[PDB]
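What follows is a set of notes on a single structure, which appears directly below.
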Amino acid sequence: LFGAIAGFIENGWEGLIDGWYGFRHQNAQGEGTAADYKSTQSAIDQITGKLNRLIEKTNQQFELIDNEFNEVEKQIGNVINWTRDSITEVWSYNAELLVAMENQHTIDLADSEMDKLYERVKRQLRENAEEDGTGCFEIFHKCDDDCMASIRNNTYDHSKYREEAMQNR
Amino acid sequence: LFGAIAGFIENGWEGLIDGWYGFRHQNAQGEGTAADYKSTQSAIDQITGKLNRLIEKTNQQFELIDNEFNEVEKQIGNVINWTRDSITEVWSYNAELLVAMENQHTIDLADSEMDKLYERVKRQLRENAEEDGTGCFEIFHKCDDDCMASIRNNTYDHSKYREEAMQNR
Amino acid sequence: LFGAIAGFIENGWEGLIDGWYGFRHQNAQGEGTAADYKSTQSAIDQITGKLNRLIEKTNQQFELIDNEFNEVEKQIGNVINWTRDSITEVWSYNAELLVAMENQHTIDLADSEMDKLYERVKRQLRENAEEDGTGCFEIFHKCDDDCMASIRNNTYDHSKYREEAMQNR
Amino acid sequence: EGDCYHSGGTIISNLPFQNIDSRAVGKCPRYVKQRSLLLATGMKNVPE
Amino acid sequence: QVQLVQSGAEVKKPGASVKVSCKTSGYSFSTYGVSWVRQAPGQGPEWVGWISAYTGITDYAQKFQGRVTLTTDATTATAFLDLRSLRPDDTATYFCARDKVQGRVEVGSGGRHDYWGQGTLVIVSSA
Amino acid sequence: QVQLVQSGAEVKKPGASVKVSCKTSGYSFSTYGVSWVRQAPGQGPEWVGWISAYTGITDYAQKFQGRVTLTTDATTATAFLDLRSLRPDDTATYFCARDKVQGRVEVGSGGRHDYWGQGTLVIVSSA
Amino acid sequence: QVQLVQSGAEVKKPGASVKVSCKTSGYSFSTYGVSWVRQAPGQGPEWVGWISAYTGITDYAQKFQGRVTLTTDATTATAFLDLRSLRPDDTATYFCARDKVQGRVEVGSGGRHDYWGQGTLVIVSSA
Amino acid sequence: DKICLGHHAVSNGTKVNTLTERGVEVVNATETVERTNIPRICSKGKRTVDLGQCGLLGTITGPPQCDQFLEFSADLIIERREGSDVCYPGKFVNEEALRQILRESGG
Amino acid sequence: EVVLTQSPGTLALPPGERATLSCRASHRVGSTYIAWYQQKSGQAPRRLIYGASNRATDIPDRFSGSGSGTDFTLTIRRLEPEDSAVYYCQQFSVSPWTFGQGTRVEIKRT
Amino acid sequence: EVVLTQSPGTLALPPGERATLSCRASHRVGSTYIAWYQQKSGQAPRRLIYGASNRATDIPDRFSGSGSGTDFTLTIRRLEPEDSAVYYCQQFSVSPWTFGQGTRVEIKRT
Amino acid sequence: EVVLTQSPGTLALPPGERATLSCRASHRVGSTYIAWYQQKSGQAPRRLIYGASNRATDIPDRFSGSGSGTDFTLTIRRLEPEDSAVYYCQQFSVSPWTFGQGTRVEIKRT
Ligand SMILES: *[C@@H]1O[C@H](CO)[C@@H](O)[C@H](O)[C@H]1NC(C)=O
Ligand SMILES: *[C@@H]1O[C@H](CO)[C@@H](O)[C@H](O)[C@H]1NC(C)=O
Ligand SMILES: *[C@@H]1O[C@H](CO)[C@@H](O)[C@H](O)[C@H]1NC(C)=O
Ligand SMILES: *[C@@H]1O[C@H](CO)[C@@H](O)[C@H](O)[C@H]1NC(C)=O
């Protein structure tokens, strides 16, 4: 894997239909859940990049070289069949390896994006919060809805809550 | 690489024949070393997954198209030889690239698993310990054998040793 | 990606012509910038490893099998053309996938090396500094030029500045 | 309209691979042995 | 029915600041975002910039970097194009076009400049 | 000599809880782990669940998730199968089989359901 | 003009410590680093060790691990080879060679043992 | 007061294969292998000649079935199984070479 | 899940003749994750083949498995009296590990 | 950046004949990131083709695009009077998203 | 480690004839990590070939190296008097960087 999407974060949120990643906060005003648009779009861009690169066709034209109606001579027929089968094997190998390799990277990059957003919030809170261990951040200055929103759009000033938080350890 | 198996962890333990990853603790009761079964098995599963996918053969049957005893005509012979050599080149390329790519991922995923277990323990201790820098955790509440075992099977309650540890910084 | 070269570190230093990675410190003695030789060379080694593996040619000799001057017979000609085109497609596919895959890994491993050096310094400072969030470390014991140099060549003793730093939080 | 034909009809597809006829001619997806190969277009699903 | 309706034509003095609007109807907003193309009289089309209504991320061409600012609906699903320090060269027809799927993975270029606005002439002169 | 010896046959009332054992000899324990298969009278075999004796990780089929619990030796290298809320459908022959290499990387399926137990009939009825 | 000039020949008693120098001119220092090869009289060449003048990283052969130490210029762009516990087997001609591009990515082996020193005979005997 | 983060999920995912595992469940996946065929010869934008009962070689010699094809033109030439190069019984030397020429002739 | 469907339901052949048993999967399974079993009335199923073509220990060489993808075959080259039983194919690539419904083999001559 | 150069500058053909318009890129662009547009004097450009060969909604099937790599083609199979306009190709693979200088199509007969 | 074994031990050929020197590795080495050297009695070894086939600066074009995998060849197309020396092949793909035992080249005619 990477840094655990299916690790310390135990499960995903089926209720999160607003994006691919997001925050779920809890305070004195109730329950809150909002998606993160930029990190979601980062993931979406990369996968879209893959798909559009993979979904593609040749502009190379191949013709008929044997005959379904009146069979060609055996010796040239067997060479042709032997060659075609060989190309089939190569493309069968390429195809299955391609898809397998891409799927490994797709899953891992999604892991990557989740880890990147997570450790970003961690640096965003400085010493005002502590790592829960399940992807959560226990805040030590009772953050209100406006405070939470400042964390979401990366504007949270750590040094304006620092005194209160470090006191409460 | 990833996050350093052959980095901040300077070397491996040849004495660790119980698993692929593990803990080595030191306290007032003596020396201790035990393997981690789950993270080891995670690595073993992934590698086994690769090997069983890679070790495989065709169910495609290829026949004879030239002759070792009485040589075929030169022109069809040269086409056949030219084609076969070409397929050989493709499979030689595929093979060496496959193995090289797989080996890169095998090493890196083993790195990944070690990093995942490491930073898991880090979150498991909260503020009761500090990062040594060589993969160790200096504990500030003199952990006994039962305390160590609670860290090994992910049950260690950080808040039951928190007071003593934060006092000792 | 990985752990952000083009993430929390907002941009690179065009003035850094001494290496690929490095430090830029600020204290009471002025402005300072120096490269890190070992982590740079790690990256350079890996890329050089790729290139020398990729830049290569066959020792397989291929001959002429058709004729530019007096054309071969149509049926064998069409088989030959069909086969050659097929190999072209395979090598065209292999080539573009190879380069694309390598470029993805090159960028990511450079990311890896930057993250490895960064989090190494983080463990090197222990509790004497705090994470800025832009790749910087705010030091709490006013580090002089000799102190900075000790951080650069991995000799900085954290416990000789610990008291002063933890006091200043 | 399509640019990929076989004796049984026409392969109209953007997909890179076809499992219909190895003797398809024109401008076609590559014939493969597999009946199906699913390319992931999302993250790892971890339901509650 | 998806339609892009832009503001009326405009006349500005050189060195001033213009603001063209683009009202959105039909689709949902923040599912695509907008590309802007401008066309000088008797000349071809040239791309100006793109903004996501989903993320807010903007991408400009080098020519306009620093004097163009793209924004999106206060809440009414409408995109704006703000140009300033208007040269006489900036005299052109400014088109907005709905462009590129956002909060979703989709193959192909079906949502790429698929619907355009009627246009907006911007005459930059002193007379 | 590897052999799997299960407990004796059992008769339970509906809604009760049964417990079949599987004693291990021959190999080492925690080097494989155990698969459990059950067979209704006159019917074919159906997989129930698997447990690692090395990690303790269990994997059940959806049908039994929530009322089946697999465990392993207190220290005597023996595996247990605990079923509860026994329906009359749970009337079957319960086989344990040694399954899947653990603390080691190995190619192939040589250690997959390679040795079975003699079986254990579980009759769930009230009469 | 790149040239490697080594120190003069030397005679040492068994169990002693020798020190051969290698002065660098022509190129820049810390752009390559140095390989050391030694040649016993009437015998072929054998690689001893390599040191980067850019990073300082050294790589020795197993035979010399623990009694060989390679270092580089105090600031004057010169490399040193320090051998100790000199056996009579250590009697050989010690060559230094400029080797392997450093602070830069480059394809090929053009900078691999491209320029050598004239040599330095080290006679280890008691007589 | 805490803030958590996580990712979206669905109750019903799609299984795919990876390098290292099999049947891992992802949020959503797409097919890369085309099985859907149109049982017809799509000919829009191409001058199509269905030779029917005319053998492609017949367009050279001109037996009765090929009278309408003696000077044909096509981007797409289609041979049918009922086709016949011959009226008076006989055959062509190097017939497959000639068919391939006429196939890529345009008419 | 992966559905293993076997054919035929019942196969009746004289002793010393060649029996061919099919197991067809709904999804492409790797050859390594497929096993064949024999079961007689009352006893535990003994493993015949593992990995689609590898014979298990002490299994007679008249039991040979083959095939790949979605089509797998257990061949009894020359039937013996004690081969009269039920034969199940199994998949354990992805969980749930599923079994085929089975094929019964019967012999002949009164 | 990527330069799209179209040819010819001007194409004059009688109604019902076949028009072929070229767009040649400086760099290899993936077929998906290429579009063709029609524009008449005064109005907004309507999108004809997207992805190099896909027809846009309600676009007549006499507009067909083809090609790959650096050479792309818009074909008007049979010209109609209302096809008299200017035609631009566009690339949006890498920014800046660039346009071709255009090709004018004119008809015939007095 | 990687063993480079050269053949023959000694090669004696008249001046102006073609000399072929073999170096056979125990393990597959990439062509880039192979060099050939010339050494005369008393002096330092001068590098002839690097990367298995690239001539070093100011080296005559009668020294050409070829080969790949485990078999590498240094060819002296037309021997000159001053070509009488000892020739060593070297590998520096993986450490320890090893040398071949050498091949001596001698000339002819009294
Ligand atoms: C080649 O394979 C085709 C099926 O793809 C078959 O009809 C034909 O008979 C084979 N060739 C020969 C010479 O049998
Ligand atoms: C083709 O190669 C084989 C060896 O693989 C050789 O024996 C044969 O002579 C070659 N063909 C011709 C026409 O020489
Ligand atoms: C095969 O392709 C070449 C160009 O690569 C062409 O000159 C030749 O005519 C083609 N073969 C036939 C039989 O037309
Ligand atoms: C799954 O991905 C495909 C991409 O090919 C998309 O078209 C489809 O809408 C997606 N399904 C869901 C339920 O989002």
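FYI, nothing fancy with the structure tokens labels: chains A, B, ... in order, residues from 1 per chain, ligands from 1 as they appear.
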
Task: ligand 4 neighbours within 7 Å using only C-alpha atoms and all ligand atoms, as a VMD selection string - done: (chain D and resid 41) or (chain E and resid 105 to 107) or (chain H and resid 28 to 30)

Next, dump the selected residues to file, keeping only N, CA, C and O atoms, as a CSV table (one decimal), in the first residue's frame.
chain,number,residue,atom,x,y,z
D,41,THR,N,-11.5,2.6,-11.5
D,41,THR,CA,-11.7,4.0,-11.7
D,41,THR,C,-12.1,4.7,-10.4
D,41,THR,O,-12.6,5.8,-10.5
E,105,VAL,N,-15.2,11.1,-12.3
E,105,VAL,CA,-14.3,10.5,-13.3
E,105,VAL,C,-15.1,10.1,-14.5
E,105,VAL,O,-16.1,9.4,-14.5
E,106,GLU,N,-14.7,10.6,-15.7
E,106,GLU,CA,-15.4,10.3,-17.0
E,106,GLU,C,-14.4,10.2,-18.1
E,106,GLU,O,-13.6,11.1,-18.3
E,107,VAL,N,-14.6,9.2,-19.0
E,107,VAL,CA,-13.7,9.1,-20.1
E,107,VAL,C,-14.1,10.0,-21.3
E,107,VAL,O,-15.3,10.2,-21.4
H,28,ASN,N,-15.5,1.8,-7.8
H,28,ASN,CA,-16.0,1.7,-9.2
H,28,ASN,C,-15.0,1.3,-10.2
H,28,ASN,O,-13.8,1.8,-10.1
H,29,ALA,N,-15.3,0.5,-11.2
H,29,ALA,CA,-14.4,0.1,-12.2
H,29,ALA,C,-15.1,0.1,-13.6
H,29,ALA,O,-16.3,0.1,-13.7
H,30,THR,N,-14.2,0.1,-14.7
H,30,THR,CA,-14.8,0.1,-16.0
H,30,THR,C,-14.1,-1.1,-16.9
H,30,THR,O,-13.0,-1.5,-16.6

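Residues of protein or nucleic acid lying within 8 Å of ligand 2, counting only C-alpha atoms and all ligand atoms, are residues 68, 71, 72, 73, 74, 75, 76, 77, 78, 80 and 81 of chain B.
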
Task: Backbone DSSP call of strand (DSSP E) for range 4-90 of chain H, listed as a ChimeraX atom specification - done: /H:4-7,14-16,24-26,29-31,33-34,48-50,76-78

Task: Interface list for chain H, partner chain D, 7 Å threshold, only C-alpha atoms, as number ranges by chain - done: H: 9-11, 13, 16, 25-35, 37-44

TODO: For residue 130 in chain B, please output as a list in words all residues within 7 Å (counting only C-alpha atoms; exclusion window: fewer than 5 positions along the same chain).
DONE: residues 137, 138 and 139 of chain B

Task: Shortest interatomic distance to ligand 3 - which of C:64, C:54, C:79, C:5, counting only C-alpha atoms and all ligand atoms - done: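 Ranked by minimum distance to ligand 3, first place goes to C:79.
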
TODO: Excluding range 97-110 of chain K and residues on its chain fewer than 2 positions from it, collect all residues at most 10 Å away from it, counting only C-alpha atoms, and give them as an MDAnalysis selection string.
DONE: (chainID G and resid 35 37 43:50 60:61) or (chainID K and resid 1:17 19 21:25 33:40 79:95)

Could the residues in this selection be written to a file with C-alpha atoms, as a short mmCIF file (atom, residue, chain, number, x, y, z; two decimals), in the first residue's frame?
data_model
loop_
_atom_site.label_atom_id
_atom_site.label_comp_id
_atom_site.auth_asym_id
_atom_site.auth_seq_id
_atom_site.Cartn_x
_atom_site.Cartn_y
_atom_site.Cartn_z
CA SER G 35 38.89 4.09 -7.79
CA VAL G 37 43.51 -0.75 -8.15
CA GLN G 43 50.13 -10.75 -11.47
CA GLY G 44 47.02 -9.07 -12.85
CA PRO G 45 45.05 -6.07 -11.55
CA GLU G 46 42.62 -6.24 -8.62
CA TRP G 47 40.19 -3.56 -7.44
CA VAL G 48 40.73 -2.23 -3.92
CA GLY G 49 38.12 0.44 -3.23
CA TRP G 50 36.27 3.56 -4.36
CA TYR G 60 35.72 -1.41 -0.22
CA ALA G 61 36.24 -5.02 -1.28
CA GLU K 1 30.95 -12.04 -7.15
CA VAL K 2 31.23 -11.77 -10.93
CA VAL K 3 34.07 -13.83 -12.41
CA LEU K 4 35.64 -12.58 -15.63
CA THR K 5 37.61 -15.34 -17.34
CA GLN K 6 39.62 -14.40 -20.42
CA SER K 7 40.80 -16.57 -23.29
CA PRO K 8 43.23 -17.39 -24.56
CA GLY K 9 46.00 -17.02 -22.00
CA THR K 10 48.45 -16.17 -24.78
CA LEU K 11 47.86 -15.11 -28.39
CA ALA K 12 50.75 -15.03 -30.88
CA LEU K 13 50.08 -13.49 -34.30
CA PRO K 14 52.13 -11.85 -37.11
CA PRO K 15 51.83 -8.06 -37.62
CA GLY K 16 48.85 -6.95 -39.70
CA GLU K 17 46.71 -9.95 -38.86
CA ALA K 19 43.44 -10.73 -33.18
CA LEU K 21 40.27 -11.65 -27.46
CA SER K 22 37.48 -13.17 -25.36
CA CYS K 23 36.13 -12.22 -21.94
CA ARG K 24 33.41 -14.45 -20.52
CA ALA K 25 31.44 -13.47 -17.42
CA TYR K 33 29.60 -1.69 -17.23
CA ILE K 34 32.41 -3.35 -19.19
CA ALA K 35 35.84 -1.99 -20.09
CA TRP K 36 38.98 -3.25 -21.81
CA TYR K 37 42.52 -2.22 -20.90
CA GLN K 38 45.97 -2.48 -22.42
CA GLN K 39 49.05 -2.80 -20.26
CA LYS K 40 52.72 -2.97 -21.15
CA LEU K 79 48.04 -5.83 -35.30
CA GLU K 80 50.89 -3.34 -35.05
CA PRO K 81 54.25 -3.88 -33.27
CA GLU K 82 53.24 -1.61 -30.36
CA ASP K 83 50.15 -3.76 -29.75
CA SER K 84 52.31 -6.39 -28.07
CA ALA K 85 51.08 -6.26 -24.47
CA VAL K 86 48.66 -7.68 -21.93
CA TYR K 87 44.92 -7.03 -22.21
CA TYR K 88 42.47 -7.04 -19.30
CA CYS K 89 38.68 -6.87 -19.27
CA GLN K 90 36.85 -5.27 -16.35
CA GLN K 91 33.35 -5.28 -14.89
CA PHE K 92 31.98 -2.57 -12.60
CA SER K 93 28.25 -3.30 -12.65
CA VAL K 94 28.14 -4.75 -9.14
CA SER K 95 30.88 -4.54 -6.50
#

Task: range 88-92 of chain C surroundings by only C-alpha atoms, 8 Å radius, close-in-sequence under 4 positions cut, as JSON, numbers by chain - done: {"A": [91], "B": [90], "C": [84, 96]}

Please save N, CA, C and O atoms of the selected residues as a PDB file, in the first residue's frame.
ATOM      1  N   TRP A  91      -0.297  -9.704 -26.742  1.00  0.00           N
ATOM      2  CA  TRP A  91      -1.310  -8.715 -26.376  1.00  0.00           C
ATOM      3  C   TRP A  91      -2.119  -9.162 -25.172  1.00  0.00           C
ATOM      4  O   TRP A  91      -2.524  -8.335 -24.359  1.00  0.00           O
TER       5      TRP A  91
ATOM      6  N   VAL B  90      10.760  -9.700 -28.102  1.00  0.00           N
ATOM      7  CA  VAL B  90       9.646  -9.163 -27.328  1.00  0.00           C
ATOM      8  C   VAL B  90       9.522  -9.850 -25.965  1.00  0.00           C
ATOM      9  O   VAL B  90       9.367  -9.183 -24.941  1.00  0.00           O
TER      10      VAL B  90
ATOM     11  N   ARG C  84       5.392  -7.531 -39.798  1.00  0.00           N
ATOM     12  CA  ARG C  84       6.230  -6.394 -39.431  1.00  0.00           C
ATOM     13  C   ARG C  84       5.425  -5.287 -38.749  1.00  0.00           C
ATOM     14  O   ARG C  84       5.832  -4.765 -37.709  1.00  0.00           O
ATOM     15  N   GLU C  96       6.137   3.535 -25.472  1.00  0.00           N
ATOM     16  CA  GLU C  96       5.395   4.632 -24.863  1.00  0.00           C
ATOM     17  C   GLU C  96       4.987   4.297 -23.431  1.00  0.00           C
ATOM     18  O   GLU C  96       4.964   5.178 -22.571  1.00  0.00           O
TER      19      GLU C  96
END

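Distances from A:62, A:52, A:35, A:30 to ligand 3 were compared using only C-alpha atoms and all ligand atoms, and the smallest one belongs to A:62.
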
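Put simply, CA of residue 104 in chain G is 8.2 Å away from CA of residue 41 in chain C.
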
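Picture a line from CA of residue 102 in chain H to CA of residue 75 in chain J; it runs 26.2 Å.
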
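Between CA of residue 121 in chain E and CA of residue 41 in chain J there is a distance of 13.9 Å.
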
Write out as an mmCIF file with N, CA, C and O atoms, in the first residue's frame which residues come within 10 Å of range 142-147 of chain A when counting only C-alpha atoms, dropping same-chain ones fewer than 5 positions away.
data_model
loop_
_atom_site.group_PDB
_atom_site.id
_atom_site.type_symbol
_atom_site.label_atom_id
_atom_site.label_comp_id
_atom_site.auth_asym_id
_atom_site.auth_seq_id
_atom_site.Cartn_x
_atom_site.Cartn_y
_atom_site.Cartn_z
ATOM 1 N N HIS A 25 -16.397 16.713 11.740
ATOM 2 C CA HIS A 25 -16.064 17.329 13.019
ATOM 3 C C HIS A 25 -17.180 17.196 14.051
ATOM 4 O O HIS A 25 -18.343 16.981 13.709
ATOM 5 N N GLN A 26 -16.803 17.337 15.317
ATOM 6 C CA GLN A 26 -17.736 17.235 16.431
ATOM 7 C C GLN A 26 -17.406 18.281 17.493
ATOM 8 O O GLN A 26 -16.276 18.348 17.974
ATOM 9 N N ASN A 27 -18.389 19.101 17.851
ATOM 10 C CA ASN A 27 -18.186 20.101 18.894
ATOM 11 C C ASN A 27 -19.439 20.339 19.731
ATOM 12 O O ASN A 27 -20.244 19.431 19.935
ATOM 13 N N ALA A 28 -19.596 21.567 20.214
ATOM 14 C CA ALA A 28 -20.712 21.907 21.091
ATOM 15 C C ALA A 28 -21.948 22.346 20.308
ATOM 16 O O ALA A 28 -22.993 22.629 20.894
ATOM 17 N N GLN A 29 -21.829 22.392 18.984
ATOM 18 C CA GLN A 29 -22.918 22.869 18.138
ATOM 19 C C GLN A 29 -23.594 21.738 17.368
ATOM 20 O O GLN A 29 -24.623 21.949 16.724
ATOM 21 N N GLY A 30 -23.014 20.543 17.429
ATOM 22 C CA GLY A 30 -23.608 19.380 16.792
ATOM 23 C C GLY A 30 -22.662 18.593 15.904
ATOM 24 O O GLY A 30 -21.443 18.653 16.066
ATOM 25 N N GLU A 31 -23.237 17.852 14.960
ATOM 26 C CA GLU A 31 -22.472 17.005 14.048
ATOM 27 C C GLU A 31 -22.267 17.697 12.702
ATOM 28 O O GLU A 31 -23.176 18.353 12.190
ATOM 29 N N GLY A 32 -21.074 17.549 12.130
ATOM 30 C CA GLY A 32 -20.757 18.177 10.859
ATOM 31 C C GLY A 32 -19.924 17.311 9.931
ATOM 32 O O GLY A 32 -19.010 16.615 10.372
ATOM 33 N N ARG A 152 -10.730 23.633 7.308
ATOM 34 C CA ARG A 152 -11.097 23.021 6.034
ATOM 35 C C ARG A 152 -10.471 23.731 4.834
ATOM 36 O O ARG A 152 -9.939 23.076 3.937
ATOM 37 N N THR A 155 -6.806 27.923 6.432
ATOM 38 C CA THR A 155 -6.575 29.298 6.867
ATOM 39 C C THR A 155 -6.373 29.390 8.376
ATOM 40 O O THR A 155 -5.975 30.434 8.894
ATOM 41 N N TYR A 156 -6.651 28.287 9.064
ATOM 42 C CA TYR A 156 -6.541 28.188 10.518
ATOM 43 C C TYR A 156 -5.208 28.713 11.054
ATOM 44 O O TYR A 156 -4.147 28.161 10.764
ATOM 45 N N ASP A 157 -5.278 29.787 11.836
ATOM 46 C CA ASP A 157 -4.100 30.341 12.494
ATOM 47 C C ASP A 157 -3.850 29.617 13.814
ATOM 48 O O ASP A 157 -4.592 29.788 14.781
ATOM 49 N N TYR A 161 -4.835 30.170 18.949
ATOM 50 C CA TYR A 161 -5.465 29.239 19.878
ATOM 51 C C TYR A 161 -4.393 28.498 20.677
ATOM 52 O O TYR A 161 -4.697 27.621 21.485
ATOM 53 N N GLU A 164 -4.286 28.612 24.917
ATOM 54 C CA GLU A 164 -5.333 27.790 25.517
ATOM 55 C C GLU A 164 -5.083 26.291 25.334
ATOM 56 O O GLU A 164 -5.276 25.501 26.266
ATOM 57 N N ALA A 165 -4.632 25.912 24.141
ATOM 58 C CA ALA A 165 -4.451 24.506 23.796
ATOM 59 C C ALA A 165 -3.259 23.876 24.517
ATOM 60 O O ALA A 165 -3.367 22.778 25.070
ATOM 61 N N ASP H 1 -13.837 17.995 21.831
ATOM 62 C CA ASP H 1 -13.911 18.599 20.505
ATOM 63 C C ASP H 1 -12.799 18.097 19.582
ATOM 64 O O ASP H 1 -11.625 18.433 19.759
ATOM 65 N N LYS H 2 -13.178 17.301 18.587
ATOM 66 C CA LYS H 2 -12.210 16.746 17.654
ATOM 67 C C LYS H 2 -12.674 16.876 16.211
ATOM 68 O O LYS H 2 -13.857 17.071 15.939
ATOM 69 N N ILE H 3 -11.727 16.783 15.286
ATOM 70 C CA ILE H 3 -12.055 16.755 13.865
ATOM 71 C C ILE H 3 -11.433 15.514 13.223
ATOM 72 O O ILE H 3 -10.239 15.247 13.374
#

Open item on the list: Counting only C-alpha atoms, a student should be able to say which residues of chain I come within 12 Å of chain B; what is the right answer, written as a ChimeraX atom specification?
Closed with: /I:29-33,51-53,66-72,93-94

Those residues with N, CA, C and O atoms, as a CSV table (one decimal), in the first residue's frame please?
chain,number,residue,atom,x,y,z
I,29,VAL,N,-10.6,-17.5,-13.2
I,29,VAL,CA,-9.8,-17.9,-12.0
I,29,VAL,C,-8.4,-18.4,-12.5
I,29,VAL,O,-8.3,-19.1,-13.5
I,30,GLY,N,-7.4,-17.9,-11.7
I,30,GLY,CA,-6.0,-18.4,-12.0
I,30,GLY,C,-5.9,-19.9,-11.7
I,30,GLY,O,-6.5,-20.4,-10.7
I,31,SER,N,-5.2,-20.6,-12.5
I,31,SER,CA,-5.1,-22.0,-12.4
I,31,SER,C,-4.6,-22.5,-11.1
I,31,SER,O,-5.0,-23.6,-10.6
I,32,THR,N,-3.8,-21.7,-10.4
I,32,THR,CA,-3.3,-22.1,-9.1
I,32,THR,C,-4.4,-22.3,-8.0
I,32,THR,O,-4.3,-23.1,-7.1
I,33,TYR,N,-5.5,-21.6,-8.1
I,33,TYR,CA,-6.5,-21.5,-7.1
I,33,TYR,C,-7.7,-22.5,-7.3
I,33,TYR,O,-8.8,-22.3,-6.9
I,51,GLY,N,-4.1,-26.7,-7.8
I,51,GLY,CA,-3.5,-25.8,-8.8
I,51,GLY,C,-3.9,-26.1,-10.3
I,51,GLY,O,-3.2,-25.8,-11.2
I,52,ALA,N,-5.1,-26.8,-10.4
I,52,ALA,CA,-5.6,-27.2,-11.7
I,52,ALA,C,-4.9,-28.3,-12.5
I,52,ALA,O,-5.6,-28.9,-13.3
I,53,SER,N,-3.7,-28.6,-12.2
I,53,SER,CA,-3.0,-29.7,-12.9
I,53,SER,C,-2.0,-30.5,-12.1
I,53,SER,O,-1.5,-31.5,-12.6
I,66,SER,N,-6.6,-30.4,-16.1
I,66,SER,CA,-6.1,-29.5,-17.1
I,66,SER,C,-7.1,-28.3,-17.3
I,66,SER,O,-8.1,-28.2,-16.6
I,67,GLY,N,-6.7,-27.4,-18.2
I,67,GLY,CA,-7.6,-26.2,-18.5
I,67,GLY,C,-7.1,-24.9,-17.8
I,67,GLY,O,-6.2,-24.9,-17.0
I,68,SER,N,-7.7,-23.8,-18.3
I,68,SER,CA,-7.3,-22.5,-17.8
I,68,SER,C,-8.5,-21.5,-18.0
I,68,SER,O,-9.4,-21.8,-18.8
I,69,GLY,N,-8.4,-20.4,-17.3
I,69,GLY,CA,-9.5,-19.4,-17.5
I,69,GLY,C,-10.8,-19.7,-16.8
I,69,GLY,O,-10.9,-19.5,-15.6
I,70,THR,N,-11.7,-20.2,-17.5
I,70,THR,CA,-13.1,-20.5,-17.0
I,70,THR,C,-13.4,-21.9,-17.2
I,70,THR,O,-14.5,-22.4,-16.8
I,71,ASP,N,-12.6,-22.7,-17.9
I,71,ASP,CA,-12.9,-24.1,-18.2
I,71,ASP,C,-11.8,-25.0,-17.7
I,71,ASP,O,-10.7,-25.0,-18.1
I,72,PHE,N,-12.2,-25.9,-16.8
I,72,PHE,CA,-11.3,-26.8,-16.1
I,72,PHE,C,-11.8,-28.2,-16.2
I,72,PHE,O,-13.0,-28.4,-16.2
I,93,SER,N,-9.6,-18.6,-5.0
I,93,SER,CA,-8.9,-17.4,-5.5
I,93,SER,C,-9.4,-16.2,-4.7
I,93,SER,O,-8.7,-15.5,-4.1
I,94,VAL,N,-10.7,-16.0,-4.8
I,94,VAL,CA,-11.4,-14.9,-4.0
I,94,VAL,C,-12.5,-15.5,-3.1
I,94,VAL,O,-13.2,-16.4,-3.5

- [ ] Kindly provide, as a PyMOL selection string, the residues of chain A having any atom no farther than 7 Å from an atom of chain B, counting only C-alpha atoms.
- [x] chain A and resi 1-3+78-79+82+131+133

TODO: Name all residues at most 6 Å from residue 8 in chain H (count only C-alpha atoms; drop same-chain ones fewer than 6 positions away) and give them as a ChimeraX atom specification.
DONE: /A:12-14,16,20

- [ ] Could you list the residues in chain H lying within 10 Å of chain I, using only C-alpha atoms, and format the result as a ChimeraX atom specification?
- [x] /H:15,21-24
